[PDB]
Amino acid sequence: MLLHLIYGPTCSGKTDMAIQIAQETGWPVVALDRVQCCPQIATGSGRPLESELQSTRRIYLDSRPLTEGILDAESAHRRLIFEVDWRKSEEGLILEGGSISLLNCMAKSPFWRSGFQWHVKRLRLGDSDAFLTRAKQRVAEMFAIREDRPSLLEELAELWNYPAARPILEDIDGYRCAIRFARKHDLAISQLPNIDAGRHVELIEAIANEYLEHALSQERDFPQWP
């Protein structure tokens, strides 16, 4: 059984790749991503729309209440193992994502060293400049209003009533920014939605940069693959 593995920084179009290979192939893509295991921040954590899914399968290491904490590294890993393991008689899987801690566990761990073949594919952050162009567009998306999906701001809105959420939202990329930036300009999170079109662009531009930095750490902390 084949592990097509795809990883890299935060906006390298990994997902869409996986969706393609998943389409041509009929495989499920497992998501290598702690944060995205919290469907109450679907959008903000970067889960694709169900319509962007193209009828393929995307599998999450688990699914849990923001307030139960972001799934810690180790479990994700044991979880991974299992999700891969009980499918071992299918043809291949895709494994796709950007969790640093998850890939290092892969790298160090004995499970993965045997039993399968690989088709690893690693994307690298290219120029800063063109990353922010991408990131900006991508955030704009997450800010788009829509019948199917809450937006980034709204996930934060709703979720900002329950107080145990707040130190976790402060910890997760994009959200940190959203808070720090309302606390900057003295609005309440609940209001971020109606941020007139001027301050909109900074707040976009801001996240864009928050990601940029992340990208940048993913870069210096990924492992490279055997």
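So that there is no doubt, residue numbering starts at 1 and follows the sequence shown.
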Averaging CA B factors per stretch from the PDB record, which one is higher: 187-195 or 39-47? 187-195
Higher of the two mean Cα B-factors (196-204, 28-36; per PDB record) comes from 196-204
Please place residue 3 in the lowest, middle or highest third of its chain according to the CA B-factor in the PDB entry. middle
How does the C-alpha B factor of residue 70 compare with the rest of the chain: lowest, middle or highest third? lowest
So where's residue 124 on the chain's Cα temperature factor ranking, which third? highest
Which third of the chain holds residue 85 when residues are ordered by C-alpha B factor: lowest, middle or highest? lowest
Residue 93: CA temperature factor from the record, placed by chain third, in the lowest
